[PDB]
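For reference, the structure I am asking about is given below.
Chain nomenclature is as follows: A, B, C and D, assigned in order of appearance, with residue numbering initiated at 1 for each chain independently.
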Amino acid sequence: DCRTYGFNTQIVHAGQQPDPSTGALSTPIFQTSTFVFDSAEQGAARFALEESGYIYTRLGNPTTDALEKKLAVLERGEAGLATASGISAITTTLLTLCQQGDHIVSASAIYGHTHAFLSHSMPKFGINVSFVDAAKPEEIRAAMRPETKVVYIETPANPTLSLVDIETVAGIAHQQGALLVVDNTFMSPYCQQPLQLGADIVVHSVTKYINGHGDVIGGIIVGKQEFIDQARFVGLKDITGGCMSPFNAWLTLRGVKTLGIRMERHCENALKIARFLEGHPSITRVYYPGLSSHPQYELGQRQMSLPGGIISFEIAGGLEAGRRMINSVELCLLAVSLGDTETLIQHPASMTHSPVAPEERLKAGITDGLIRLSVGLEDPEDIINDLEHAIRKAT
Amino acid sequence: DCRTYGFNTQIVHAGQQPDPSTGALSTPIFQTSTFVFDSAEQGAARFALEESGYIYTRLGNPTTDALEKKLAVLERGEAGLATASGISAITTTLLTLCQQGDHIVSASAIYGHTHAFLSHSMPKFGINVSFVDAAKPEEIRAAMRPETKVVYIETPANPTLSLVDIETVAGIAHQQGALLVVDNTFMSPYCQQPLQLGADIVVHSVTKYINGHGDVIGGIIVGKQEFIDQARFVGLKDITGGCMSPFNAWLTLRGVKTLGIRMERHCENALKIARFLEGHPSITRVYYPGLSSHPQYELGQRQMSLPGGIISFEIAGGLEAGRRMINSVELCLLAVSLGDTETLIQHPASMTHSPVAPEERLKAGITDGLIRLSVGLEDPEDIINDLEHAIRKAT
Amino acid sequence: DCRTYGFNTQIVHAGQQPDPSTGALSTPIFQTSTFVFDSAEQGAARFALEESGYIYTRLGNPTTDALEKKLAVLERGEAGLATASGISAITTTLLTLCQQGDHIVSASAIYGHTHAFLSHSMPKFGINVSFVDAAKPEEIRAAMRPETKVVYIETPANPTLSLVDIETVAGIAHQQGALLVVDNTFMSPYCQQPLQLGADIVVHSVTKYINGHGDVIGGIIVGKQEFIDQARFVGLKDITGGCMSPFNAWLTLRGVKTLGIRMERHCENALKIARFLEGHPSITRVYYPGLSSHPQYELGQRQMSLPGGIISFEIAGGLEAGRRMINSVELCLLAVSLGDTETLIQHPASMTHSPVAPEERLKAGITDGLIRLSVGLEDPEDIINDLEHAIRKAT
Amino acid sequence: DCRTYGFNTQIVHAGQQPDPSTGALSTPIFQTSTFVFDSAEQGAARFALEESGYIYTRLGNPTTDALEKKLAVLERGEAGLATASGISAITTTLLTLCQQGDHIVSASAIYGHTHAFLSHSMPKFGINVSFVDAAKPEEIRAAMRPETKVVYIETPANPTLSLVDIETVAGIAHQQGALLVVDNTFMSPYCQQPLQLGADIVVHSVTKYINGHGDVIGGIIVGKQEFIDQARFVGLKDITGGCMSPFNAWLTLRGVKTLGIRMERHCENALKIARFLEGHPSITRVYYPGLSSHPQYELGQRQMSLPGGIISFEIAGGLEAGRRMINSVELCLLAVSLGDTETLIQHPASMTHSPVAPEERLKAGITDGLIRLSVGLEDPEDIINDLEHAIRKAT
């Protein structure tokens, strides 16, 4: 039983075994749309969910099934469901759970396209959402209504890597009859296990650390079998249609083999870079859970096995400085994703949020000098030199 | 301009050209999650939709863009949007268009998972749906309400390959202020062009004939640029997350190269097989638009350039006969998809709809002896011999 | 037994079946390097070739095995062996068969890199080669020696699509104790079957028509089991190492599904274009086996079921005209391969053979005005218009 | 310049950059056979090697070029050449260098299929080979002849992980006018750099650690540009045809991103497991360069940055014990490859070499109790427990 081995052993083996018919060690790429039955009877036995086996890849596929099983084991969940994207993991989940008249309490400090879905799309389906500062569990409690079905959080959260106390929030949600859904993208199961802290459902964008190689868009949902069966057979099948391609599942299986050693190196690197930035007189602030001045440092130590691979920081001199800095890096690459093997950097005030009113960005935690860094697998000395050179230039 | 060449030339070339940097003839597989910017300024220029280029594959990708452009040309539409599945093409479309309080008029004779989405999921978002017999355009008119945003049809329709008069229905929908959405999966653009008949939006499951090779789940939406931009930047980005993987897009580009020659052969084969079945004294009925006894035969001749690759038929002796028949084929393969290079066969009363009450199936057009056949690229004589042998055995 | 069905049925089905463990219809992509054994005993049973099954993909793989079996059926050969390239199919074959002191009789009119291998590499291994005009079977006989192990031919042959009488040459080779190896790349098994005419071994570059989609480099060898086992376990395993990747095998399996309908359309198109060129007063010569003035026309009719998709022709005005013409096409693409879905064109005197002495090219059949055309799946009217426009411009 | 960064930075970045036309961060998969030219002139400019760019994937491809460049940087070589297999890397190399009448001095302790090529195939091309114990550099010197073109070694070598002193052997080979070719498969460039020690040419099977994921068969050659150009344009193009598919190159690029962190973990694990085995009273011998009793331990410390991921050991009780042991593991997988993320185990006397005469195996270093272990990325405690359990059972 794969649930019995060590976590690195599970990373490598859980959900997978040699192909029964051939012995192939790699999980085969079942790049098929349909599946053949031996008889009328076998076709019937599968459709009524009266007998196990495959029918059609939108419903289930052996390659994707391996990925779902592996991630269920890694998050200590019953079952997994792969999706087309991180967005689809979130929306499949919430659209399965909620209907007209229901309510959601959401953290404000969440991924931007998640916020758009919650702010604009949900209310158009009759589903109301209240946003709160989830670093303050009391605001979550105060926002709960009789109609609240879900509490939704991300931790750590952009853009300043603030935290949410999963265990505390889970207790509050459950006392009030709601489910807790946690987006665990930033951490991966190697660094944080929300189900073990009382969350009901975990979602990821596997696009970030789980795949890790910057070449797959995808999501995963993990939770109880009863829920996952609804997310599969109603949410995905009927509502979003957000299935993962078998090739993408295979790539993610391949990427996740190195999850443990990648996370160790990302976090070792990031701690070094965060300490460098904290010592730098041109840098006003450094946001990183591994720094002891982080305002929720102790919580982070309890909840996270490592402080993560992402750092935010503020450069002296505001917008122009941030722009000059990101324009002066030679090694770090300018891009908006994270969790890849390459170090990526972005300056949201000049890049993504450049048309947004400067005062709105500030309300949103986005100061003019804020830079976000996804630390890769390069030598940290080279990343530090590159940052040092660019900071010197920018200031 | 690719919109100027013949249709076979467009099938091969539209949306594609040699790679500019290398000359590679095959469209490269851009199996990437993110895209790098040259500067802060270039990153900003893309996000505000102020300058063209790529950002992130959930938003857009060069491989997928080629597929979208090709299918837009083939359907004579402005723009295309690829999706994770045929379901996602439909739901992305309808969830973009509709909100709480809106209404849809839908054909009853539609794909089963579409019917589930319309029957069960839409009403839970406050979106009501009226089902009608779309072979009777008057029932569509009578079901229209002030709140009706969309009329939704499939033609030909399962299970008896009845038709819908696209042009007539489009006129009725537009007079009453609604959009017409047509699922053109069964035909492909090679055989039917709903936009040219007044439809506003076409959707496909590319899983069937467009890909054609039984190895891709995917969808596509084609329509006006203004609509497609909303389906991309709200529907997909925010709501369903149903993006297509670049690999799947490349496979579908590859599959669609042979669309014209495949459709010609599927339809040539199917006409021969349909005539054989019509002459067979053990077969009570044959449903095929190429047979002159089809009740909408003339409409079909006007609307469709070929009668298609799908045949339904009823075998003497009801359920037991249908089961014995599908259990007695040696060449045809028992499976529930269609539009693959292999001939596929299914007996819905014993396979898919075996737990459904026999009288409900009958209301739904599914008689106990009904067999559905997706005609492949084999020698038709071999398919005929296989059917002949199995029919003889079954009766 | 797949060897019993019609040829189109075999194209679709031979060598393939639904996956036994899952029912997946598409052959799974077994993208693996190794294979696991259940026990020491099972590992031993495979290595001594004492029991069937897989060990390691360089030796054999289930995806590649399907391709090998399919092509063996299509060529009416016992066994198949896939390779990294068409070159590797040829060299694996000849390096398996021949050793220091042996001799080969080869056609002169062969693929250029084949000629280089025969002219320069073989003699450096002590293997001598005599080149002859294989359109004259007597020259083959006259060149035979006691040490001659192989007679090697291509038909049709570049650059003027001359033919070789397979049956006649086979008889001559066998009387003198030699094997006949035929490169059947230009025809595919759909159009010519050298084994049925007495050849011992057929090779292809699957890069051309068998794959057909311009996205795979690969080869195949077909022949008797005893030979193929030597080509696999010595030639490939030890000598060239030229194994095919499972992904490439899967792509070629996918491409070959449409071989019959592609060849029909390539040849229908090519006959139309060849007739157009023959009627054009700016074109001095047209080389195409489907034209009745071809000097071996009747032989072609006996030996080939279709005249093929390749045309060569000579434009009035020599080198400058040929260059102006290829520079003036808008639809045809300038490239050196053939057998793709797109129409490709090349002018060897200005492109490939531009540094070669003009008189050497002439000895080699390459006149200054010679253009080679690989006819694709576009509308022939569009290809004709494009050629017409470019010829008018060039002259 | 990528040759200036740290080695981990080079692992991630060398040979790669964002796509120029699109910014895609992942190297695109250029899964193409041919490449289009803009004009006759551009086609000519490429063929004569008079201008840079692509022509045809057997000759060169942008995806494969990235892999070749990366591995050249990592081995501190001028140029790289990817191949279909490790075998093809070796044979392409040696068949390029050598012709009838030439001689090779080879280590005896080399990969088995290499030994077959050298023992049986080379002499049939007039190329003689002398095998020597390359742990004794004097035997290499004594075997040199006026005709010796190459000295060929592997280090560490199977089956007992003996070493060869690269620097010493290079000096001996060069004094006598020969090239030194080193198979660096077992180490990877992360652990050993033969070019930096005076080797002329390095080869790998990328099937093992460079790819690392058990899903690619492939090779690479690294050396001087003048040599590599001959290996490409004669060896590969003409002789072996052993090109690598672009997909396989992309997979290997992806796999090699984690080379540094994988090697660190493989070797950390292997040292722990080797120490465990050395302390075990049922284990008579343990072969591992990281153990101080290894007979060439100091050499290993100078030549290798880590002691590697492979261990051989001898179990008490000979053949029956070895068989019982490999039949009793539950976590380790029975297979013949190495360098994958999963721990693999084999007992050559019962598996591979079971039909070989027991006394021949002994001459070859293969004792009846010898087990070979490729240590994966699992928790070492789990691998140790699995070995402990199986050893206890076997004895």
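FYI, a residue touches a chain if its C-beta (ideal position, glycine included) is under 8 Å from a C-beta of that chain, and two chains touch if they have at least 3 such contacts.
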_Among B-D, A-B or A-D, which pair gives essentially the same interface as C-D, with more than half of the residue-number contact pairs in common?_
A-B
*In terms of C-beta pairs in contact, which of B-C and A-B ranks higher?*
A-B
*Between subunit A and subunit C, what is the separation of their C-alpha centroids in Å?*
50
*Could you state the distance in Å from the CA-based centre of subunit B to that of subunit C?*
37
_What's the distance between the Cα centroids of subunit A and subunit B, rounded to whole Å?_
33
_Overlap residues in subunit C, where contacts from two or more other chains coincide_ = 18, 25-26, 31-38, 214-215, 333, 335, 340
*Over in the complex, which subunit A residues touch subunit D? Could you list them?*
5-9, 11-13, 18, 25-26, 213-215, 254, 257-258, 260-262, 264-265, 331, 333, 335, 340-342, 376-379, 381-382
_Complex interface listing, subunit C residues touching subunit D_ = 31-41, 43-44, 47-48, 55-58, 83-92, 95, 99-100, 113, 116-117, 120-121, 124-127, 207, 211, 214-217, 219, 234, 237-245, 247-248, 251, 322-323, 326-327, 333-337, 340, 344, 346-347, 350-352, 354-355
*subunit D residues within the subunit B interface of the complex*: 18-26, 28-38, 53-54, 62, 250
